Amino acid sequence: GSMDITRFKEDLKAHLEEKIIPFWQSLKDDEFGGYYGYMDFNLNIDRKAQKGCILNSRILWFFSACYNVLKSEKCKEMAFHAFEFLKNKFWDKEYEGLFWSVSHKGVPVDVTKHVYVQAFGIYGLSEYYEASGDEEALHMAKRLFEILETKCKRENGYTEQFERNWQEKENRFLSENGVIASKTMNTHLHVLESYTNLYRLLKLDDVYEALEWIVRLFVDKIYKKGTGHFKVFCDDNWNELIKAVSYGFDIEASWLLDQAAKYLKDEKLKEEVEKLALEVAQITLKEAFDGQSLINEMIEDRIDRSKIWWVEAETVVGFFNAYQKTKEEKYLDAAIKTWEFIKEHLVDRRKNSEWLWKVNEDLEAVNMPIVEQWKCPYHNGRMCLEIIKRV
């Protein structure tokens, strides 16, 4: 540790408590339950917006984790609110598992079952169980895990999209030329993430075996050996549809794999994964860190230098994690500089706001929502919570 690292933690903790937590508390929907689904760039909440399950589970995870780390009783109450809406509106009582989306009143809008949604459900429900002791949350988390393992898993990963009654179908995620990606890194990344949290709290042998299995999948099939990059969108056999690098996915995967590795009982695999995580962090720092912040992606030979909120959040955690493992100050410097970038260019200066979705390559704000089905408190909230836990 150091004076810089201590001040870094204190700055992030203050930011979480004074900016992020009160903002998401203001999205609480006390008329219909859950949290409002949309807030535009002008800070206007669309109270009637459809409510995405992933967003609700991310809010459940966030408030639960805030309670677990900060012991804020208000956060526990906010988590309960998200949990009630999950169990009452997103949980399918007839066929089990979580709907994709509901209306602002909770009427099912999209009842298909996606592994991406189920994974975030496990992640949020397991965190909420730690916060509350609610064995209903535990039961739903275990049931989601059982369904993924017994209905969705295949020899080379998970089939990602199902009908409401769990009959498989083609995926809903597309390449930028419109070809269905039957295997996606971000679906499988969040399975890994949720299984790590579930095993951390339960330590059951079935969960451990599934955690080792998905870690092995990342090492053997998803990682592009020798490149520091993971495949993004693939066919059913983990062949890339396009040569795409997502620097944000890479650096997130780096520290999530390193975290899962701490539970591995296979020493060989553990050493492989810890080595992989570091190789990714090093290549991310070399290729994607511009001295201020991380760029977004490269699709074939076209580089997107936009600064995206979640990319920068995961960069802070991934570089700090690499610093903890290597003690090489270059990673610590990159992590703090990225935070200083976030503070100056992505934290919204307006009252009653939070983080901007992105700024462009010239650091200009782009009209994008502050809250949306894909913009959550989870990436940036977790950035603060991780540093608090690790320092």
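Don't overthink the numbering: it's just position in the shown sequence, from 1.
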> Of the two stretches 116-124 and 257-265, which shows the higher Cα B-factor on average in the entry?
Replying inline: 257-265
> So which stretch wins on mean C-alpha B-factor, 130-138 or 85-93?
Replying inline: 130-138
> Per the coordinate record, which of the options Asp236, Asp250, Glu212, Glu155 holds the highest CA temperature factor?
Replying inline: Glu155
> At the C-alpha atoms, which of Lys183, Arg164, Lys307, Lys286 reaches the highest B-factor in this entry?
Replying inline: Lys286
> Thinking about Cα B factors across the chain, which third does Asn171 belong to?
Replying inline: lowest
> For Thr338, does the deposited CA B-factor place it in the lowest, middle or highest third of the chain?
Replying inline: lowest
> If you rank the chain by CA B-factor, which third does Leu385 end up in: lowest, middle or highest?
Replying inline: lowest
>> Quick check for you: using the entry's CA B-factors within this chain, is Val347 in the lowest, middle or highest third?
In response: middle
> What third of the chain, by the recorded C-alpha B-factor, contains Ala244?
Replying inline: middle
